[PDB]
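As structure tokens, one chain now follows by itself in the form deposited in one PDB entry.
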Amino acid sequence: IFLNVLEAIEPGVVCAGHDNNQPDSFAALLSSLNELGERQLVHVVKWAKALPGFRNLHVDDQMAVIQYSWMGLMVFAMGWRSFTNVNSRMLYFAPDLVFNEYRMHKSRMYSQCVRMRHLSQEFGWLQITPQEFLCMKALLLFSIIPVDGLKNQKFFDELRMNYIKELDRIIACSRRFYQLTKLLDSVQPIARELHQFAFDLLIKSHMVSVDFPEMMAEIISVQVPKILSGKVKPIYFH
């Protein structure tokens, strides 16, 4: 039942709308990454709200965790696509936005991309199944909260616990749980580097010819700083 649900609500492919007939440029690549992220958010919200038990959370907490977890969710999903689609040879951000090393360098996000490629390879090395991927991704939505707590911390704690239990079941074991939790923890530092990058870019957006979509600009200026300043922190297993 649980896996049936995750499979059913998994979003289809989301395209960036990038012009691949134009020579690569920092401005063009970043405008496309921004647009892609904005398009993806729309689906992340619909996805999250259709997750088992998600509606139990206080309305404010729902929006909050989606926004805090947004980067991590996409890093994880992107690494999986890269693994399944091109065996981690390139970063599959979208069917029309595939990054080779040249693009990684021109985007000025090289270090972050390399780390995501390593994550992509991990899916292969650990032979992560599509079902483990789905459950781990759902768990990622419940892996970052305010140090001060949510409006209804109890409901969140209950939900996170239940999702960990579903991962347990899909595994059923100790060694596997160790690997998977270690993998999940690895997503956080990567999302952090991207959060920092996004924040720095927004602040200087008017000087690099980059354009930021409405929702993304709000989240980067309201939510991301809470993460970078340590007011909102990921939940690590280890």
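Residues carry their position along the shown sequence, with the first being 1.
Here the subject shifts to the form deposited with a small molecule bound, a form of this protein not shown in this document.
A.B. asks: Using heavy atoms and a 4.5 Å limit, would one call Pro130 a contact residue for the small molecule in the deposited bound form?
C.D. replies: No, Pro130 is distant from the partner.
A.B. asks: Any chance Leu150 has a heavy atom within 4.5 Å of the small molecule in the deposited bound form?
C.D. replies: Yes, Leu150 is a contact residue.
A.B. asks: Do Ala64 and the small molecule share at least one heavy atom pair within 4.5 Å in the deposited bound form?
C.D. replies: Contact with the small molecule, yes.
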